[PDB]
Amino acid sequence: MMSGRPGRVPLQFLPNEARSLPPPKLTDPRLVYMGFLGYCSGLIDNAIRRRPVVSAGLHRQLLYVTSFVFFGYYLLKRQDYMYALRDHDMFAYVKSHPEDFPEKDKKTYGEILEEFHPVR
Amino acid sequence: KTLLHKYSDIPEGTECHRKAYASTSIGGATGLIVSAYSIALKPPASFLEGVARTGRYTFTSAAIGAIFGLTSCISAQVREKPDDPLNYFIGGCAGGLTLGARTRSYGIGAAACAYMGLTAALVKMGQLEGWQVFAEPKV
Amino acid sequence: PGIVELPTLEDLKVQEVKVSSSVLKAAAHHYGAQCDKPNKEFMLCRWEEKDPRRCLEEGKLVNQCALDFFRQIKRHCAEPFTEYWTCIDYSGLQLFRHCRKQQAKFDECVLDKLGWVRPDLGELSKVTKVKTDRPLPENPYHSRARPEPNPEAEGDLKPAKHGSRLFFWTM
Amino acid sequence: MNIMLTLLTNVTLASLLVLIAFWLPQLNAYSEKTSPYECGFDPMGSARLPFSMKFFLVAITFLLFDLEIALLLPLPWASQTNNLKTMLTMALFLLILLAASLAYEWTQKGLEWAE
Amino acid sequence: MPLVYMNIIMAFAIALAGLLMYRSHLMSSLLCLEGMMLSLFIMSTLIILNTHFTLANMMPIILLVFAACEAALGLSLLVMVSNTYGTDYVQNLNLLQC
Amino acid sequence: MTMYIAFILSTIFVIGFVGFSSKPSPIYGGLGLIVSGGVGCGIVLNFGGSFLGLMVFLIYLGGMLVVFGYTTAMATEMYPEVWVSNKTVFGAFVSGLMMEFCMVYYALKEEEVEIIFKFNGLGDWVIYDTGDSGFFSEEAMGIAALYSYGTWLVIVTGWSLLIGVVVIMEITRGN
Amino acid sequence: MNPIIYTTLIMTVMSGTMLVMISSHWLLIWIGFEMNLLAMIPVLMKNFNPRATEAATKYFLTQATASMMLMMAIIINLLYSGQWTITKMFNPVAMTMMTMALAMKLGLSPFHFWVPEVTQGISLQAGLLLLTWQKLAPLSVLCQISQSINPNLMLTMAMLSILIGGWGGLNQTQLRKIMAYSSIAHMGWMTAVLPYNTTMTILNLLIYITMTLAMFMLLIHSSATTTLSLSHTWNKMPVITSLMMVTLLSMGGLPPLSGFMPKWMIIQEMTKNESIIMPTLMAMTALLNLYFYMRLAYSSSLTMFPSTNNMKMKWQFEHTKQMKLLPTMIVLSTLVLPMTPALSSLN
Amino acid sequence: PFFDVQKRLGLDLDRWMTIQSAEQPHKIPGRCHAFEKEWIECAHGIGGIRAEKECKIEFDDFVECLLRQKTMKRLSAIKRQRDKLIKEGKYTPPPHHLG
C-alpha cells in the first residue's frame, strides 16, 4: 500500500491463516446491501426482457439475490482479512521501528501560548 | 530542458536582458513544438508556406516569451521586490494583447490577459511555495 | 578498485612438453590410466579454487608426470609408437578407426614391456576421487557479506482496528 | 578469408563475362531492335499494370510453412539429448500442427487456385 | 559497447523513422516494418552469443517465428486494400475520417 | 583492410538499411533489404553464430521473395519508381547516406561517441572471450534445447502459427 | 466467418492476454502481445465492410509498431542487465522507450489517433471487445513495471489523454466515436494513478470495464450507431434509454453512481503524495466528458425526439438476442458505492 | 508475473531461461555466471527497494562483466597513449610483442 509481502501464496482467495478472524455476520449491512444488488438486478432483468418486473419469474429473481449474497460473503471475508493484514503490519512494524515513532509527552493546555484571533 | 532551468539560474529582476532572452528561447522552443505538430497533422501545401506557418507560430511564442521576460525583471526592479505574484501578473495583457496582436484581434487578445495572468501568478506561487506538479510517489 | 597479483614470470617457466597433437592423441588411453593421479589433483584445484593463479604447482606436477610417461615410451616402445602416431597424423580427422593394426602393435608393446593395459570403453570417463591435502576454499567466489534478511513476518492476526477506517465506513 | 575470396572470384568472373558480353560484340542498333517482344504484332500496353495471380493464398502459406521448417531445422542436434521422450513428443507436435494447418487449409478451398 | 552495436542500433532508428514517414506505399511501409526485425534479430544474436547465454540462443529463432507471422498479416491486409481500392498508396483509405 | 570486418559489414548493413527505408518502389526495396539481410547474416557468422547466420538467410530470402512477389502481383505501379525517380525518394535516400556517413565519421575520429548510450571505438574483436567449446558448438546446442528445455515455447509458437494460417485464410477469404 | 473458427479466434485473444498476465519472461510477454494482435485483426473485419479493412489495417500498423518498439526496449534491457524477468528496467532509455511502446497499445497521448476511427469502422461487437479486453494486457505490464517508471513522463501521458479525450468527444455524433474519446479520457484516469498505487488503477479498470460493457451492449440492444438513430429508441424501447441515462451519468462520474468510485478514490490517493495541482486539473476537465454524456442523455429519452411511422411493426416485435449480465452489469455500473472499501480485495 | 500461476500451479514455463546461471544445456556456463550468481544470491528475498541500494557493487561488477565498459575503456587508453608515445619515438614495443 500488498502483493509483495512474504508468504503470499498466489491465486489463493482466503488464506488458511485468515480463518483466525471473525467471519462476517449474516446480518452485516454490507452483506445485506449486496443482497439488494441481487434484488435490483432481478428487476432490471425483467425490464429489458419485457416481463412483469416485480411479479415476473421469481426463479430468475431468486437466483440473482442468492448468487449476490454468496460472492458477497467471501468478498467481505477477504475484505477484513486484508484490512487486518494492514493492521498487522501496522503494529509489528511500529514495534520493530520504535525510534521513528517517538512517544509524545504531555504539555497540557494550561501551558501552551496559543493565541486568540479577535473575531470582530 | 536545461534551458528551462536557465530561468531559475539567473535570479529574477537582475539580468533582465538574460531573463527576456531565456523566456524568448523558452517561447520559441515551444513554438517549434506546436508548429511541428501543426505542420504535420494539418496538411501543408508547399515548403514556402510550411516555414511561413512555422515562422508565424515561432514569432508569436518567442514574442510571448520575451515580453513576459521583460515584465518579470522590470517589476522586480521597479519595486525591488522579487517575490511578487503581481510581477508575473502584469505579463497578462503583455502576453494576451501581443498574441492577440500577432493575429490582430481585440476579442482573443483582450480575453486572454486573465488566463495566463493568474497562470503566471500561479506558477510564481509554486516558485515561492513548495508546490509540485509531477510529484514523485512518497506513499 | 584493488590490485591484480599476477604470479612471477619464473613461476610460469616450467618444462613445456613438446609433442604434436597426434602424438598425444595416440597416447590418449594409456596416458589417461597411467597419469590420472596428478591430472585429477590439478583439475580439482582448478574446480575448487576456481583460480589457476592458486594452482600452478599442481599444473607443474602434470608436466613432470607427462614427461615420465613419454620418457618411458621412448625407452621401451619408441618404434611402434612412432609408427602409430604417424598413422594417426595422416588422417585429417585423427580417427582411431583407420589405424587398428598399428594400435594392436602399440598396446601389446607397452603391455609386455611396460605393464600397461588399455582402459576399456567408458573407463576413462568415470568420476574419480582424490585425497588432496589442501583445504577446501571457504569462499571460492570471494563472496561479500550476505545481506541481512528483512524483518520476518510473524505474529497473530486480530480483527482490523475500527474496521476499514476509510471515510464514513464504520465497519 | 577463404569464403570471401571464393565469393569475390565468382562475382569478378561473372562481371568480366558481362563486360566482354556487352563490349566485344559491337552494336548496330536502332529504336525498332529495342522494342519489347510480343510474338510479332504490337503490344497493347502491359507488363507493369497489376497482373493479379491466384495462388496468393498458398504463396503466403508457404511463408508460414517456411517458418515451420525453420522451427524443426535443429532436429539433428535435438536428438543428442537425455530426455528424448519430451523431445520426441514436441518434435511430433510441431509436425502435427504443420499437418493440421495444411489439412485445415486444404478443407476450406485453400490450395485451390482462384478462377 | 563497440561500434557494431552503434551500427545496428542506429540502423533500427532509421527503420523506426522509415516506418513513421509513410510516403506513398503500404508495401514499402511493410518493408520498413520487417526492416526493424533485422536489427532486433541481429542485435539479439550478438548479445546472447557474446554472453554465451546458450539457453537463450532460441530467442532470435522465436523472434523470427513471430516475425514472418506479422509479415503474412501485413501482406494479407495489403491484399484487400489494394484489391478493392486498386493501389497501395496509404492515402485512399480516408473514408473513416467521418 | 581485414582489421575487423564487423564494422565494414555492418556499414553495408546500414546503407542497405537506408535504401528501403527511403521508400523506393517496393521491388527495389526488396533488393535494399536483401543486401542488408545477406550482410547481416555475414555479421552473425563472424561472431560465431554460424547456424543463426544462415538461418536468417534462408527464412528471410523466402520471406522477402513473397514480399516482392506480391508487389508485382497487385501493388505494382504502372510507372515504377527508382532510386533517383522522384525527388522525395531521392531526398529520402541521400538523406540516409549522408546521415550514416556522418555518424561513422563521428564514430571513427574520437572513439568516444555519447549519442543516447555510450559508444567507444576500440574494435569489436575485443569483446570476444577466451575459452574452448569442447566438441560442440555453443549456438547449436542452445537452439537444440528448444525441444527439451523449451516445451512451453514450442506450444505457444506452434499454436500461434497454426492460428496464423487460420487468420490468413479468414482475412483473405471475404464475402 | 464460421462460428467454430470465431470461437477459437476469440480463445486465442483471451489466451494471448492471459499469457501476458501470467508470464515472468519478457519474450513471452512480447509473444502474448503478438498472439493478441494476430488473433484480433480477423475479428475486426468479421463482416467485411469496406470500412473494416482499413479499420483493421490502422489497428495493425499502430500495434505492430508498438510491439516492435516494445521488443527493442526489451533488448536494451537485456543488453544492460542480462535479465528477462519483469522486475524493473535498468536502462532509463529502455524504460523511456516502453512507455510509448505500451502507450500506443493503450492509446493515451498523441499515440491515439488510431482509437477513434478504428472504433468507427469496425462493428459494435468488436468495438466492445476492443475497448475493454485489449487494455488488460498493456495495463498489466505497466502494473508490474510500475516501480521503475519515470513519473514526469507517465503523468504527462495521462494528462494529455484526459484533455484530448474530453476535448475530442465534444465534436462527435457517431456513438462509437464518442465512446472512443470517452475511453481515452478514462485511459488517463487509470494511468495517472499508476506510479503511486497500482491497486487504484485496477479498481478504475474494473469500473471502466463495467461502464464500457454495460454501455455497449445497451447500444447493441438499441441497434443504434449515431445520435439520431439512438433518438428513436424512446418510441420503441423506453427502459433501455432510461437505463442509458444512469450509465451515462455514471460514466461521467456524477456520484453517488458507481462511476465516482474511481474518480473519488484516485484523487484521495494522489493527494497523499502531495500531488494537488494535477488532481484538480482532471477534476476540472472530466466535465467536458460529462458534456457530451448529457447531450447524449438529452437526445435519448430526457427529451423525446421525432419518431418514424415505420416503428409500429417494430413495436410488434421483441429482441431475440439475449445479452446476459446486462441486468447484472448495470447494478455494478450504477450502485456499488456503499461497498467502496472492497478495493482492498484487489490490494 | 501479474497473476503468478506458475508459483501456484507448481510448474515451470519460463523460469528456466530468465537468467544466465540456470541449468544450461550440458552445463555450458555463461560468460558472467559467477558475477550474476553472487548478485542473485545477494538480493534474494530482500526486495527490490533494498536491492538497488545494498547489492550495488555486485550488480556493477555483473553489469561491467556483461559489457566490459570500464575494462575496454582502460584498454582504449592503453592503446591510445601507446600509439602517440610510439609515434613520437620515446619507446618501442618489446620483441615478445612482435613474434
# chains A, B, ... in the order shown; residues from 1 in each chain; ligands from 1
$ interface_residues --of "chain G" --to "chain F" --cutoff "7 Å" --atoms "only C-alpha atoms" --output "PyMOL selection string"
chain G and resi 35+39+42+48
$ interface_residues --of "chain A" --to "chain C" --cutoff "6 Å" --atoms "only C-alpha atoms" --output "PyMOL selection string"
chain A and resi 21+83-84+87
$ write_last_selection --atoms "C-alpha atoms" --output "CSV table (one decimal), in the first residue's frame"
chain,number,residue,atom,x,y,z
A,21,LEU,CA,-10.5,-13.7,12.1
A,83,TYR,CA,-7.6,-4.8,6.5
A,84,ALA,CA,-6.4,-7.0,9.3
A,87,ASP,CA,-3.4,-3.6,10.8
$ interface_residues --of "chain D" --to "chain H" --cutoff "12 Å" --atoms "only C-alpha atoms" --output "ChimeraX atom specification"
/D:77-78,80-83
$ write_last_selection --atoms "N, CA and C atoms" --output "PDB file, in the first residue's frame"
ATOM      1  N   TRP D  77      20.548 -31.874 -34.032  1.00  0.00           N
ATOM      2  CA  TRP D  77      21.178 -31.690 -32.732  1.00  0.00           C
ATOM      3  C   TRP D  77      20.210 -31.871 -31.575  1.00  0.00           C
ATOM      4  N   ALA D  78      18.904 -31.907 -31.841  1.00  0.00           N
ATOM      5  CA  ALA D  78      17.944 -32.122 -30.765  1.00  0.00           C
ATOM      6  C   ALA D  78      17.919 -33.576 -30.320  1.00  0.00           C
ATOM      7  N   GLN D  80      20.400 -35.430 -29.796  1.00  0.00           N
ATOM      8  CA  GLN D  80      21.501 -35.658 -28.863  1.00  0.00           C
ATOM      9  C   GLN D  80      21.196 -35.077 -27.487  1.00  0.00           C
ATOM     10  N   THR D  81      20.057 -35.463 -26.925  1.00  0.00           N
ATOM     11  CA  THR D  81      19.625 -35.015 -25.611  1.00  0.00           C
ATOM     12  C   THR D  81      19.345 -36.224 -24.727  1.00  0.00           C
ATOM     13  N   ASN D  82      19.170 -35.964 -23.434  1.00  0.00           N
ATOM     14  CA  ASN D  82      18.979 -37.016 -22.448  1.00  0.00           C
ATOM     15  C   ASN D  82      17.516 -37.275 -22.121  1.00  0.00           C
ATOM     16  N   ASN D  83      16.589 -36.587 -22.779  1.00  0.00           N
ATOM     17  CA  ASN D  83      15.162 -36.678 -22.486  1.00  0.00           C
ATOM     18  C   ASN D  83      14.366 -36.819 -23.775  1.00  0.00           C
TER      19      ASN D  83
END
$ residues_around --residues "residue C:53" --least-positions-apart "3" --cutoff "8 Å" --atoms "only C-alpha atoms" --output "ChimeraX atom specification"
/C:6-7,56
$ closest_atom_pairs --of "chain B" --to "chain A" --cutoff "12 Å" --atoms "only C-alpha atoms" --output "Markdown table"
| residue | atom | partner | partner_atom | distance |
| --- | --- | --- | --- | --- |
| B:137 | CA | A:1 | CA | 11.6 |
| B:138 | CA | A:1 | CA | 11.1 |
| B:139 | CA | A:1 | CA | 7.6 |
$ closest_atom_pairs --of "chain H" --to "chain F" --cutoff "8 Å" --atoms "only C-alpha atoms" --output "Markdown table"
| residue | atom | partner | partner_atom | distance |
| --- | --- | --- | --- | --- |
| H:13 | CA | F:152 | CA | 5.7 |
| H:14 | CA | F:152 | CA | 7.5 |
| H:16 | CA | F:149 | CA | 7.6 |
| H:25 | CA | F:145 | CA | 6.7 |
| H:28 | CA | F:138 | CA | 7.8 |
| H:31 | CA | F:129 | CA | 8.0 |
| H:67 | CA | F:127 | CA | 7.9 |
| H:68 | CA | F:127 | CA | 7.6 |
| H:72 | CA | F:122 | CA | 7.7 |
| H:73 | CA | F:120 | CA | 7.8 |
| H:76 | CA | F:122 | CA | 6.1 |
$ select_by_dssp --residues "stretch 1-93 of chain E" --states "helix (DSSP H, G or I)" --output "ChimeraX atom specification"
/E:3-19,26-50,54-85
$ write_last_selection --atoms "C-alpha atoms" --output "CSV table (one decimal), in the first residue's frame"
chain,number,residue,atom,x,y,z
E,3,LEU,CA,30.8,0.3,-32.8
E,4,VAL,CA,28.9,-2.7,-34.2
E,5,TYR,CA,26.2,-2.0,-31.5
E,6,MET,CA,26.1,1.6,-32.7
E,7,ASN,CA,25.6,0.5,-36.3
E,8,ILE,CA,22.6,-1.7,-35.7
E,9,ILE,CA,21.0,0.5,-33.0
E,10,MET,CA,21.3,3.5,-35.3
E,11,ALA,CA,20.0,1.2,-38.0
E,12,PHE,CA,16.9,0.4,-36.1
E,13,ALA,CA,16.3,4.1,-35.6
E,14,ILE,CA,16.1,4.6,-39.3
E,15,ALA,CA,13.8,1.6,-39.5
E,16,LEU,CA,11.7,3.4,-36.9
E,17,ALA,CA,12.0,6.7,-38.9
E,18,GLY,CA,11.4,4.9,-42.2
E,19,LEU,CA,8.2,3.3,-40.9
E,26,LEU,CA,1.9,0.3,-48.0
E,27,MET,CA,4.2,-2.3,-49.4
E,28,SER,CA,7.2,-0.1,-48.9
E,29,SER,CA,5.8,0.6,-45.4
E,30,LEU,CA,5.8,-3.1,-44.6
E,31,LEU,CA,9.4,-3.3,-45.9
E,32,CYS,CA,10.4,-0.9,-43.1
E,33,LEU,CA,8.3,-3.0,-40.7
E,34,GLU,CA,10.3,-6.1,-41.5
E,35,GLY,CA,13.4,-4.0,-41.6
E,36,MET,CA,13.1,-3.3,-37.8
E,37,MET,CA,13.2,-7.1,-37.4
E,38,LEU,CA,16.7,-7.4,-38.9
E,39,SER,CA,18.3,-5.1,-36.3
E,40,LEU,CA,16.4,-6.7,-33.4
E,41,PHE,CA,17.3,-10.2,-34.6
E,42,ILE,CA,20.9,-9.2,-35.3
E,43,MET,CA,21.4,-7.3,-32.0
E,44,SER,CA,19.8,-10.1,-30.1
E,45,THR,CA,22.0,-12.7,-31.8
E,46,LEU,CA,25.1,-10.6,-30.9
E,47,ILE,CA,24.0,-10.3,-27.3
E,48,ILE,CA,23.3,-13.9,-26.3
E,49,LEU,CA,26.3,-15.1,-28.4
E,50,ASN,CA,28.7,-12.7,-26.8
E,54,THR,CA,23.3,-20.7,-24.7
E,55,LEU,CA,19.8,-21.4,-23.4
E,56,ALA,CA,18.7,-18.0,-24.7
E,57,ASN,CA,20.0,-18.7,-28.3
E,58,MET,CA,16.4,-19.8,-29.0
E,59,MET,CA,15.2,-16.2,-28.6
E,60,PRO,CA,16.3,-15.0,-32.1
E,61,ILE,CA,14.6,-18.1,-33.5
E,62,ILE,CA,11.3,-17.3,-31.7
E,63,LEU,CA,11.6,-13.7,-32.9
E,64,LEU,CA,11.7,-15.0,-36.5
E,65,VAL,CA,8.8,-17.4,-35.9
E,66,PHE,CA,6.6,-14.4,-34.8
E,67,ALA,CA,8.3,-12.2,-37.3
E,68,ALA,CA,7.0,-13.7,-40.6
E,69,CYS,CA,3.7,-14.3,-38.8
E,70,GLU,CA,3.2,-10.5,-38.7
E,71,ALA,CA,4.7,-10.2,-42.2
E,72,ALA,CA,2.0,-12.5,-43.5
E,73,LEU,CA,-0.7,-10.5,-41.7
E,74,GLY,CA,0.6,-7.3,-43.3
E,75,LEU,CA,0.5,-8.5,-46.9
E,76,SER,CA,-2.8,-10.2,-46.3
E,77,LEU,CA,-4.2,-6.9,-45.2
E,78,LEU,CA,-2.4,-5.3,-48.1
E,79,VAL,CA,-4.2,-7.8,-50.4
E,80,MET,CA,-7.7,-6.4,-49.8
E,81,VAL,CA,-6.8,-2.7,-49.5
E,82,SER,CA,-5.1,-2.9,-52.9
E,83,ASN,CA,-7.7,-5.3,-54.3
E,84,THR,CA,-10.8,-3.2,-53.6
E,85,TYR,CA,-9.1,0.2,-53.9
$ residues_around --residues "stretch 29-32 of chain A" --least-positions-apart "6" --cutoff "8 Å" --atoms "only C-alpha atoms" --output "NGL selection string"
(:A and (69 or 72-73 or 76)) or (:G and (338-339))
$ write_last_selection --atoms "N, CA and C atoms" --output "PDB file, in the first residue's frame"
ATOM      1  N   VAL A  69     -25.410 -12.645  -2.596  1.00  0.00           N
ATOM      2  CA  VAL A  69     -25.044 -12.743  -1.186  1.00  0.00           C
ATOM      3  C   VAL A  69     -23.831 -13.646  -1.012  1.00  0.00           C
ATOM      4  N   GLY A  72     -20.878 -12.110  -2.308  1.00  0.00           N
ATOM      5  CA  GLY A  72     -20.736 -11.051  -1.331  1.00  0.00           C
ATOM      6  C   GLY A  72     -20.091 -11.518  -0.043  1.00  0.00           C
ATOM      7  N   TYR A  73     -20.393 -12.746   0.383  1.00  0.00           N
ATOM      8  CA  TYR A  73     -19.893 -13.220   1.670  1.00  0.00           C
ATOM      9  C   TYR A  73     -18.378 -13.374   1.662  1.00  0.00           C
ATOM     10  N   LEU A  76     -16.535 -10.160   1.521  1.00  0.00           N
ATOM     11  CA  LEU A  76     -16.488  -9.499   2.820  1.00  0.00           C
ATOM     12  C   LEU A  76     -15.492 -10.173   3.754  1.00  0.00           C
TER      13      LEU A  76
ATOM     14  N   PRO G 338     -21.663   2.020  -1.733  1.00  0.00           N
ATOM     15  CA  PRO G 338     -21.621   1.560  -0.337  1.00  0.00           C
ATOM     16  C   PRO G 338     -20.588   0.478  -0.087  1.00  0.00           C
ATOM     17  N   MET G 339     -20.178  -0.264  -1.116  1.00  0.00           N
ATOM     18  CA  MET G 339     -19.134  -1.272  -0.988  1.00  0.00           C
ATOM     19  C   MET G 339     -17.781  -0.771  -1.481  1.00  0.00           C
TER      20      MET G 339
END
$ atom_distance --atom1 "atom CA of residue E:92" --atom2 "atom CA of residue B:45"
18.2 Å
$ residues_around --residues "stretch 24-29 of chain C" --least-positions-apart "5" --cutoff "8 Å" --atoms "only C-alpha atoms" --output "count of residues only"
9
$ closest_atom_pairs --of "chain G" --to "chain H" --cutoff "10 Å" --atoms "only C-alpha atoms" --output "Markdown table"
| residue | atom | partner | partner_atom | distance |
| --- | --- | --- | --- | --- |
| G:18 | CA | H:3 | CA | 9.0 |
| G:19 | CA | H:3 | CA | 9.9 |
| G:20 | CA | H:2 | CA | 8.1 |
| G:21 | CA | H:2 | CA | 5.0 |
| G:22 | CA | H:3 | CA | 5.0 |
| G:23 | CA | H:1 | CA | 5.6 |
| G:24 | CA | H:1 | CA | 4.7 |
| G:25 | CA | H:14 | CA | 6.0 |
| G:26 | CA | H:18 | CA | 8.4 |
| G:27 | CA | H:14 | CA | 9.3 |
| G:28 | CA | H:14 | CA | 7.9 |
| G:29 | CA | H:1 | CA | 9.8 |
| G:78 | CA | H:66 | CA | 9.8 |
| G:79 | CA | H:66 | CA | 7.7 |
| G:80 | CA | H:63 | CA | 6.5 |
| G:81 | CA | H:63 | CA | 6.2 |
| G:82 | CA | H:19 | CA | 7.3 |
| G:83 | CA | H:19 | CA | 5.8 |
| G:84 | CA | H:18 | CA | 4.8 |
| G:85 | CA | H:18 | CA | 5.8 |
| G:86 | CA | H:1 | CA | 7.0 |
| G:87 | CA | H:48 | CA | 8.0 |
| G:88 | CA | H:48 | CA | 8.7 |
| G:90 | CA | H:63 | CA | 9.9 |
| G:137 | CA | H:2 | CA | 9.8 |
| G:140 | CA | H:2 | CA | 6.4 |
| G:141 | CA | H:2 | CA | 7.6 |
| G:142 | CA | H:2 | CA | 9.8 |
| G:143 | CA | H:2 | CA | 7.7 |
| G:144 | CA | H:2 | CA | 6.3 |
| G:145 | CA | H:2 | CA | 9.9 |
| G:147 | CA | H:48 | CA | 8.9 |
$ write_last_selection --atoms "N, CA and C atoms" --output "short mmCIF file (atom, residue, chain, number, x, y, z; two decimals), in the first residue's frame"
data_model
loop_
_atom_site.label_atom_id
_atom_site.label_comp_id
_atom_site.auth_asym_id
_atom_site.auth_seq_id
_atom_site.Cartn_x
_atom_site.Cartn_y
_atom_site.Cartn_z
N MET G 18 -4.01 -13.62 -21.53
CA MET G 18 -3.69 -14.39 -20.33
C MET G 18 -2.20 -14.69 -20.25
N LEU G 19 -1.58 -14.97 -21.40
CA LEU G 19 -0.14 -15.19 -21.42
C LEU G 19 0.61 -13.97 -20.91
N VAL G 20 0.07 -12.77 -21.17
CA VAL G 20 0.73 -11.55 -20.73
C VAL G 20 0.66 -11.42 -19.22
N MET G 21 -0.46 -11.81 -18.62
CA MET G 21 -0.68 -11.59 -17.20
C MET G 21 -0.15 -12.70 -16.31
N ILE G 22 0.41 -13.77 -16.88
CA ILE G 22 0.97 -14.85 -16.08
C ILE G 22 2.46 -15.06 -16.32
N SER G 23 2.99 -14.68 -17.48
CA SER G 23 4.39 -14.95 -17.78
C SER G 23 5.31 -14.02 -17.00
N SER G 24 6.47 -14.54 -16.62
CA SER G 24 7.51 -13.76 -15.98
C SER G 24 8.68 -13.45 -16.90
N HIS G 25 8.63 -13.90 -18.15
CA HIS G 25 9.70 -13.72 -19.10
C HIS G 25 9.30 -12.68 -20.14
N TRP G 26 10.23 -11.76 -20.44
CA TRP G 26 9.90 -10.65 -21.32
C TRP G 26 9.54 -11.14 -22.72
N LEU G 27 10.24 -12.16 -23.22
CA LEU G 27 9.93 -12.69 -24.54
C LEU G 27 8.51 -13.23 -24.60
N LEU G 28 8.08 -13.94 -23.56
CA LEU G 28 6.72 -14.45 -23.54
C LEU G 28 5.70 -13.33 -23.48
N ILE G 29 5.99 -12.26 -22.74
CA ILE G 29 5.09 -11.10 -22.72
C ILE G 29 4.95 -10.53 -24.12
N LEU G 78 17.89 -6.23 -21.74
CA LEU G 78 18.73 -7.42 -21.69
C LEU G 78 20.20 -7.06 -21.86
N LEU G 79 20.50 -6.12 -22.76
CA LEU G 79 21.88 -5.75 -23.02
C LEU G 79 22.55 -5.18 -21.78
N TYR G 80 21.84 -4.33 -21.04
CA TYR G 80 22.41 -3.67 -19.88
C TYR G 80 22.19 -4.42 -18.58
N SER G 81 21.41 -5.50 -18.59
CA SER G 81 21.11 -6.20 -17.34
C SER G 81 21.28 -7.70 -17.46
N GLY G 82 21.12 -8.24 -18.66
CA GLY G 82 21.17 -9.68 -18.82
C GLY G 82 20.01 -10.41 -18.19
N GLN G 83 18.87 -9.75 -18.03
CA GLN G 83 17.71 -10.33 -17.37
C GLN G 83 16.49 -10.25 -18.29
N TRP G 84 15.65 -11.27 -18.20
CA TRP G 84 14.37 -11.29 -18.89
C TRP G 84 13.18 -11.11 -17.96
N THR G 85 13.40 -11.13 -16.65
CA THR G 85 12.30 -11.08 -15.70
C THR G 85 11.68 -9.69 -15.66
N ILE G 86 10.38 -9.65 -15.37
CA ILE G 86 9.65 -8.37 -15.29
C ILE G 86 9.78 -7.89 -13.85
N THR G 87 10.89 -7.23 -13.57
CA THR G 87 11.10 -6.59 -12.27
C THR G 87 11.18 -5.08 -12.41
N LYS G 88 12.10 -4.59 -13.24
CA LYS G 88 12.30 -3.17 -13.50
C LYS G 88 13.26 -3.09 -14.67
N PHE G 90 16.73 -1.47 -16.11
CA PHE G 90 17.99 -0.96 -15.60
C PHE G 90 18.66 0.02 -16.55
N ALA G 137 -4.02 -6.36 -20.96
CA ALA G 137 -2.63 -6.79 -21.18
C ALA G 137 -1.65 -5.63 -21.03
N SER G 140 -1.54 -4.51 -17.45
CA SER G 140 -0.91 -5.50 -16.58
C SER G 140 0.60 -5.38 -16.62
N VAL G 141 1.16 -5.15 -17.81
CA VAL G 141 2.60 -4.92 -17.92
C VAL G 141 3.00 -3.67 -17.16
N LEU G 142 2.21 -2.60 -17.30
CA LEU G 142 2.52 -1.36 -16.61
C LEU G 142 2.46 -1.53 -15.10
N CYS G 143 1.50 -2.32 -14.61
CA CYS G 143 1.39 -2.54 -13.17
C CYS G 143 2.62 -3.25 -12.63
N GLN G 144 3.13 -4.24 -13.36
CA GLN G 144 4.31 -4.97 -12.90
C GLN G 144 5.55 -4.09 -12.90
N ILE G 145 5.72 -3.26 -13.93
CA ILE G 145 6.92 -2.44 -14.08
C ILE G 145 6.71 -1.08 -13.43
N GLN G 147 7.30 0.12 -10.68
CA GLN G 147 8.37 0.64 -9.84
C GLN G 147 9.26 1.60 -10.62
#
$ atom_distance --atom1 "atom CA of residue A:80" --atom2 "atom CA of residue G:209"
25.3 Å
